[PDB]
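Novice:
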Amino acid sequence: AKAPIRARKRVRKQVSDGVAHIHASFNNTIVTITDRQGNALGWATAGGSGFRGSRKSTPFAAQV
RNA sequence: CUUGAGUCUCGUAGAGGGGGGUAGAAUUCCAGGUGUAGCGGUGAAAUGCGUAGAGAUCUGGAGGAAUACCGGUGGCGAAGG
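In the authors' numbering, the protein residues as written are 1 to 64.
(1) Nearest-angstrom Cα distance between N28 and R36?
(2) Under DSSP, the beta strand (DSSP E) around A24 begins and ends at which residues?
(3) Can you find at least 3 beta carbon pairs, one from the stretch 8-18 and one from the stretch 45-52, that sit closer than 8 angstroms?
(4) Excluding the 5 residues preceding and the 5 following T34 in the sequence, name in chain order all residues of the same chain whose CB lies nearer than 8 angstroms to its CB.
Here's what the structure looks like:
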């Protein structure tokens, strides 16, 4: 159940808009969000979703 | 003699040969900036590499082969070339 917590107010860089980069290879996909002026705000992968084998290089493991 | 072959200047098509000059782009690398955990490999897998901060990504520099497409049943070289 609910607790009496203070209000949240935090800032990081508030960029509002970005560019994304997709590096597709033969064994994996690497998917990366950045700011438009060019700084990484996070990434994920298809290999870290743990499909492994051929199943690791598919449109669906890449989507997730 | 020309009926074999040879030769002059002219045009034409082409990756024939030797030496010069030249650019950008991924891997790769370095530096700074941003940023967190896999990256790689495969039939499935593990060795490698990585928190000293990798992988990727922004900016800028580095370096060496190579130069795809146009390249086509094309064209060229003495044959491979």
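Note that CB positions come from ideal geometry on N, CA and C, so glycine has one too.
Specialist: Checking against the coordinates, here is how it stands:
(1) 25 angstroms
(2) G18 to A24 is the extent of the beta strand (DSSP E) around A24.
(3) No contact exists between the stretch 8-18 and the stretch 45-52.
(4) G18, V19, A20, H21, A40 and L41
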